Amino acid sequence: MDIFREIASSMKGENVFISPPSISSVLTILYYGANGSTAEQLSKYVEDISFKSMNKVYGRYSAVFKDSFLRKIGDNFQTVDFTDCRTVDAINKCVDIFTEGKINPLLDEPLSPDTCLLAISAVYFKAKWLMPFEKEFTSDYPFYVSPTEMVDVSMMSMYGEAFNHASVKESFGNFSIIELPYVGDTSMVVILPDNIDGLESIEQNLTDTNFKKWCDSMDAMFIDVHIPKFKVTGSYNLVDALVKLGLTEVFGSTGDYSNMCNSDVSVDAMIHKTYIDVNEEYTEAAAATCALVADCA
């Protein structure tokens, strides 16, 4: 996970949770309206009952758009007045009900009249574990924030069931990998370093290619599982991370989006907000991504 690594590396010590498809779907909107270099840089990111996603594109009513851009976006387009602030409330309310109240509010600042376009993505997930953890076994255990810093966490336990699992030996660290299934066709794969402090070097090699190799090697084995019950919400500005990743002709002035608008527009911000709740009964998650395109008058 390209983007995950960047964000993780730049927030050492911090919990991190992101939804790659949500980010990828906004970048794709931007792609649809970009030309040249900007388009080339972005192309590298153009890509059930448990997972739902939706994209909305809001355009400034006084702007004139390119039909191609609009053709590529489909019935996800809508014209609005960014001037009126009820506009921000209508957008948030929409992201809010689609994410079952988990992402609210996505937009924190009254948008600028300098704004031309908002491409928003929202995704929602909720599913019960194929096999629930029994609350009876949930109890407080020390969690190692660092080798000698212990903090109390509510730990869930499931004894003597079997799960797909693999002991992985790698030049960058050894770890255990397990798959916890959800009712339906999704699962949660967890990567646990053998070294109390070895996550970073493994994190640094978390690649789509590597990740699949590890999954491919898993076999059913009996193993007892203890994992924290947890809730986390994150808010990330993705620009820096994305620039560091090679999207240098995408944000600000140098952004070329003449395949979107007539005027000269620029993308001056890109936020990602997320939420996840892991409990003994189910896992619930949501995320929303927004890129704000401005510069037109």
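Just count from 1 along the sequence shown to find any residue number.
Unmodelled residues of the deposited sequence between residue 40 and residue 41: none, the chain being continuous. For the pair 263-271 and 229-237, the mean Cα B-factor is higher in 263-271.
Between 74-82 and 190-198, it is 74-82 that carries the larger average Cα temperature factor according to the deposited entry. Note on the listed residues 176, 104, 157, 112: the highest Cα temperature factor in the record is that of 112.
Ranked within its chain, residue 165 lands in the middle third, by CA B factor from the PDB record. Ranked within its chain, residue 64 lands in the lowest third, by CA B factor from the PDB record.
Among the modelled residues of its chain, residue 90 has a C-alpha B-factor that falls in the lowest third, as given in the PDB entry. When all modelled residues of the chain are sorted by CA temperature factor, residue 141 is found within the middle third. Per-chain ranking of the deposited C-alpha B factor places residue 185 in the middle third.
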